[PDB]
Each structure stands twice: as structure tokens, then as C-alpha cells.
Amino acid sequence: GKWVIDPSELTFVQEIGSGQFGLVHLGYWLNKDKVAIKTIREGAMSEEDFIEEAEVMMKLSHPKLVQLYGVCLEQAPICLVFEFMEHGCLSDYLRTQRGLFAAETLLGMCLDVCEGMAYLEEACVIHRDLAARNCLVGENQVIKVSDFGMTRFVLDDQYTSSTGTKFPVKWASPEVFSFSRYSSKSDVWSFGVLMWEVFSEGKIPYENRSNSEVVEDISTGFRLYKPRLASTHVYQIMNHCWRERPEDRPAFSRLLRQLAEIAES
Ligand SMILES: C=CC(=O)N1CCC[C@@H](n2nc(-c3cccc(C(=O)Nc4cccc(C(C)(C)C)c4)c3)c3c(N)ncnc32)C1
């Protein structure tokens, strides 16, 4: 089928950087385009579960979502082929350009991510690991969401267990760090942390807290402070994303209207 890419259809030009459990290269895909190619090391992911879901994932086509183009599975290590995002991760894009962006621009970056997340929410697809590190920057400074649902395939328990050393506790809602209870409402909590990373120009949330300290702090009502560039209205929306009860958090469809209201007026 079309989703399978033959090794003869790909060339590797240069490294982009280290991804999770594998290297990412810049390359070309025959008769198509420039692409980013991930080589995944053996044992890191459930390749069979991923191959079963690949065609399904490839139908989640939205301009604010980084596209999966196909899979090169002929030989180990398998390759995953994606839409190439010229300006890389949003985390480094902000950190290297501190002082450049106006709040209107930072809000527009949050609006791009929110639009991609409202599409996934309508499709009943949970991201599970939304953070600035997997939002990528493309043409005309567009931000696109990447790696939605990919943690379903990770095999290292240090990453998947809510108590594992590499679990993204900093972006987790309490029902996720307590019970791994994923939903679009737990993605909303993560989106609030993403808004904080954006308005802080790429600062690390809860920088001097261990993961166990973040659990206790969040459970006892602590919340991230307001970034200097965030207005009080922006910070109010961040706090709505961090409500303890998932039912009290806004849906992405509601956030998209609230943030656009601020952006368009
Ligand atoms: C800060 C520096 C930065 O910019 N980085 C870090 C190094 C790699 C860069 N990178 N990563 C991707 C990219 C985009 C989407 C998915 C993946 C992926 O491999 N999923 C992925 C593939 C297979 C398995 C898994 C598991 C989670 C299951 C382990 C994940 C990779 C990418 C792209 N398309 N265009 C440009 N650069 C890109 C991002």
C-alpha cells in the first residue's frame, strides 16, 4: 500500500538532530518533497502496533499538524517519514530569539497550536505529550503540532509509567500523573503549560522542582507564575487549563474562540 515507502525512494542529505530513540535526518522523498526521516532503534517502539495504525494516523490531515508521509519498513532500523519543518522545535525557536517577539506574535503561536488541537479533539484523538518541544515551526512562522498519539507505542517504562524517571510530569494533568487518565481535557492542561512556555520565551516549567515535587505542588494548588509578556487575560486562560477537575477545563473548541477573541480584538 501507498503508506509503505521503499528505501530506494529516500535519500539522506544531513542530520537534523537526535529525536526520541533515534536520529532525524533531512532527506528527499522520490517525486514528492524534502522530508524529515526518523530512524528508530530496535526495541524502542511497538512497530507492529504502529504499522497497524499508520494509515489511520495519515488521515489526520490538517494544516496545523505535522504530517506522517509513510514508513520504510523493509529493514531494521525502520524509518518514519514526515513533513519537513524548516525552523525546528518551538522550544529552541523561542529560546534563541528571546526579546524579539511581541505578545501578539506569541499569542498567534498559541492559536496555531490550539487550532491543530481543536481538529484532533473533534477527531477524538488524544495527543498525550503536548509540549513546546514537539511543536514545530514552518513557513511564514506557522506552528504545527507533531507526535500526537505517538507515546502509545513507546516500550521504555521510564517514559510511559506516571512514576518513571522520563515521564513528562511537568505537562501532566493530575489525572494523568495519578492514573494515566488521558483525554482531550488532559491535553488542555498540557496546552496551558505550552502557553506558559511560549509567553516565557522558552523557559522550562518548574525548573528547580523534581517530578515528585511537581506532583505534590500541583496537588496542593501551586500553579506556574504569570510570564512578564502574558497579559492578565492570557494568564486567566492558562489558569482555566490548569483547573484540577477535567470537566471544568475548557475544550479546545472553546479555547480557540477565547484566544481568537483576544487576538482579533
Ligand atoms: C529542538 C530541536 C528540534 O528542532 N528537533 C529535535 C530533533 C529532531 C527535530 N525534528 N523532529 C521531527 C519529527 C516530527 C514528527 C515526528 C517525529 C518523530 O520522529 N516521531 C517518532 C517516530 C517514531 C517513534 C516515536 C516514539 C515517540 C514512539 C518513540 C516518535 C519527528 C522533525 C520534522 N518533521 N521536521 C524538522 N525537524 C524535526 C526536532
# chains A, B, ... in the order shown; residues from 1 in each chain; ligands from 1
call {"tool": "residues_around", "arguments": {"residues": "residue 84 (chain A)", "least_positions_apart": "2", "cutoff": "7 Å", "atoms": "only C-alpha atoms", "output": "mmCIF file with C-alpha atoms, in the first residue's frame"}}
result
data_model
loop_
_atom_site.group_PDB
_atom_site.id
_atom_site.type_symbol
_atom_site.label_atom_id
_atom_site.label_comp_id
_atom_site.auth_asym_id
_atom_site.auth_seq_id
_atom_site.Cartn_x
_atom_site.Cartn_y
_atom_site.Cartn_z
ATOM 1 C CA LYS A 34 12.041 17.373 1.035
ATOM 2 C CA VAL A 35 11.285 15.343 4.227
ATOM 3 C CA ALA A 36 12.412 14.664 7.794
ATOM 4 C CA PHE A 82 7.439 13.278 7.942
ATOM 5 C CA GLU A 86 12.252 24.225 8.323
#
call {"tool": "residues_near_ligand", "arguments": {"ligand": "ligand 1", "cutoff": "9 Å", "atoms": "only C-alpha atoms and all ligand atoms", "output": "ChimeraX atom specification"}}
result
/A:15-26,35-41,44-47,50,66-68,78-93,133-138,145-155
call {"tool": "residues_around", "arguments": {"residues": "residue 1 (chain A)", "least_positions_apart": "6", "cutoff": "12 Å", "atoms": "only C-alpha atoms", "output": "PyMOL selection string"}}
result
chain A and resi 51+54-55+70-72
call {"tool": "write_last_selection", "arguments": {"atoms": "N, CA and C atoms", "output": "PDB file, in the first residue's frame"}}
result
ATOM      1  N   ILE A  51       2.513   0.116  12.825  1.00  0.00           N
ATOM      2  CA  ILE A  51       2.220  -0.219  11.427  1.00  0.00           C
ATOM      3  C   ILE A  51       0.724  -0.425  11.230  1.00  0.00           C
ATOM      4  N   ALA A  54      -0.767   3.225  11.161  1.00  0.00           N
ATOM      5  CA  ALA A  54      -0.162   4.224  10.262  1.00  0.00           C
ATOM      6  C   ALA A  54      -1.126   4.839   9.277  1.00  0.00           C
ATOM      7  N   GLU A  55      -1.894   4.024   8.539  1.00  0.00           N
ATOM      8  CA  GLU A  55      -2.869   4.559   7.569  1.00  0.00           C
ATOM      9  C   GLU A  55      -3.914   5.471   8.228  1.00  0.00           C
ATOM     10  N   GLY A  70       4.719   8.408   5.509  1.00  0.00           N
ATOM     11  CA  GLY A  70       4.832   6.973   5.296  1.00  0.00           C
ATOM     12  C   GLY A  70       5.913   6.328   6.125  1.00  0.00           C
ATOM     13  N   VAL A  71       6.114   5.047   5.890  1.00  0.00           N
ATOM     14  CA  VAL A  71       7.011   4.240   6.709  1.00  0.00           C
ATOM     15  C   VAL A  71       7.851   3.357   5.792  1.00  0.00           C
ATOM     16  N   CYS A  72       9.153   3.331   6.048  1.00  0.00           N
ATOM     17  CA  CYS A  72      10.091   2.496   5.322  1.00  0.00           C
ATOM     18  C   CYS A  72      10.406   1.344   6.280  1.00  0.00           C
TER      19      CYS A  72
END
call {"tool": "residues_around", "arguments": {"residues": "residue 242 (chain A)", "least_positions_apart": "6", "cutoff": "9 Å", "atoms": "only C-alpha atoms", "output": "list in words"}}
result
residues 173, 188, 189, 190, 192, 193, 223 and 249 of chain A
call {"tool": "residues_around", "arguments": {"residues": "residue 235 (chain A)", "least_positions_apart": "3", "cutoff": "12 Å", "atoms": "only C-alpha atoms", "output": "count of residues only"}}
result
24
call {"tool": "residues_around", "arguments": {"residues": "residue 221 (chain A)", "least_positions_apart": "2", "cutoff": "10 Å", "atoms": "only C-alpha atoms", "output": "PDB file with N, CA and C atoms, in the first residue's frame"}}
result
ATOM      1  N   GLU A 216       3.326  16.979  44.161  1.00  0.00           N
ATOM      2  CA  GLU A 216       2.842  17.488  45.431  1.00  0.00           C
ATOM      3  C   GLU A 216       2.401  18.949  45.326  1.00  0.00           C
ATOM      4  N   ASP A 217       3.203  19.793  44.649  1.00  0.00           N
ATOM      5  CA  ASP A 217       2.905  21.210  44.471  1.00  0.00           C
ATOM      6  C   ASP A 217       1.568  21.368  43.744  1.00  0.00           C
ATOM      7  N   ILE A 218       1.396  20.691  42.588  1.00  0.00           N
ATOM      8  CA  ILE A 218       0.165  20.808  41.799  1.00  0.00           C
ATOM      9  C   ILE A 218      -1.048  20.334  42.586  1.00  0.00           C
ATOM     10  N   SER A 219      -0.881  19.204  43.313  1.00  0.00           N
ATOM     11  CA  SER A 219      -1.969  18.636  44.082  1.00  0.00           C
ATOM     12  C   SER A 219      -2.407  19.511  45.234  1.00  0.00           C
ATOM     13  N   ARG A 223       0.546  26.804  41.111  1.00  0.00           N
ATOM     14  CA  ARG A 223       0.485  26.950  39.661  1.00  0.00           C
ATOM     15  C   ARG A 223       1.632  27.794  39.179  1.00  0.00           C
ATOM     16  N   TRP A 242      -5.542  24.755  33.807  1.00  0.00           N
ATOM     17  CA  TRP A 242      -4.987  24.067  34.973  1.00  0.00           C
ATOM     18  C   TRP A 242      -5.978  23.867  36.092  1.00  0.00           C
ATOM     19  N   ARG A 243      -7.265  23.808  35.772  1.00  0.00           N
ATOM     20  CA  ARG A 243      -8.231  23.503  36.813  1.00  0.00           C
ATOM     21  C   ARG A 243      -8.102  22.047  37.197  1.00  0.00           C
ATOM     22  N   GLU A 244      -8.203  21.767  38.474  1.00  0.00           N
ATOM     23  CA  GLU A 244      -7.987  20.409  38.928  1.00  0.00           C
ATOM     24  C   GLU A 244      -8.942  19.369  38.289  1.00  0.00           C
TER      25      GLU A 244
END
call {"tool": "atom_distance", "arguments": {"atom1": "CA of residue 42 (chain A)", "atom2": "CA of residue 77 (chain A)"}}
result
6.2 Å
call {"tool": "select_by_dssp", "arguments": {"residues": "region 13-254 of chain A", "states": "alpha helix (DSSP H)", "output": "PyMOL selection string"}}
result
chain A and resi 47-58+90-95+103-122+157-160+174-179+184-199+211-219+232-241+252-254
call {"tool": "closest_residue", "arguments": {"among": "A:102, A:131, A:123, A:56", "to": "residue 194 (chain A)", "atoms": "only C-alpha atoms"}}
result
A:131
call {"tool": "closest_residue", "arguments": {"among": "A:257, A:245, A:95, A:2", "to": "residue 186 (chain A)", "atoms": "only C-alpha atoms"}}
result
A:245
call {"tool": "select_by_dssp", "arguments": {"residues": "region 56-87 of chain A", "states": "strand (DSSP E or B)", "output": "ChimeraX atom specification"}}
result
/A:65,68-72,79-83
call {"tool": "write_last_selection", "arguments": {"atoms": "C-alpha atoms", "output": "mmCIF file, in the first residue's frame"}}
result
data_model
loop_
_atom_site.group_PDB
_atom_site.id
_atom_site.type_symbol
_atom_site.label_atom_id
_atom_site.label_comp_id
_atom_site.auth_asym_id
_atom_site.auth_seq_id
_atom_site.Cartn_x
_atom_site.Cartn_y
_atom_site.Cartn_z
ATOM 1 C CA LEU A 65 -0.495 19.177 12.129
ATOM 2 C CA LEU A 68 3.220 11.478 8.619
ATOM 3 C CA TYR A 69 4.003 10.640 4.918
ATOM 4 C CA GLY A 70 4.832 6.973 5.296
ATOM 5 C CA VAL A 71 7.011 4.240 6.709
ATOM 6 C CA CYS A 72 10.091 2.496 5.322
ATOM 7 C CA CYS A 79 12.176 4.811 9.119
ATOM 8 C CA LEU A 80 9.260 7.111 9.629
ATOM 9 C CA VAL A 81 8.921 9.911 7.054
ATOM 10 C CA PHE A 82 7.439 13.278 7.942
ATOM 11 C CA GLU A 83 6.701 16.685 6.604
#
call {"tool": "closest_residue", "arguments": {"among": "A:142, A:125, A:130, A:10", "to": "residue 111 (chain A)", "atoms": "only C-alpha atoms"}}
result
A:142
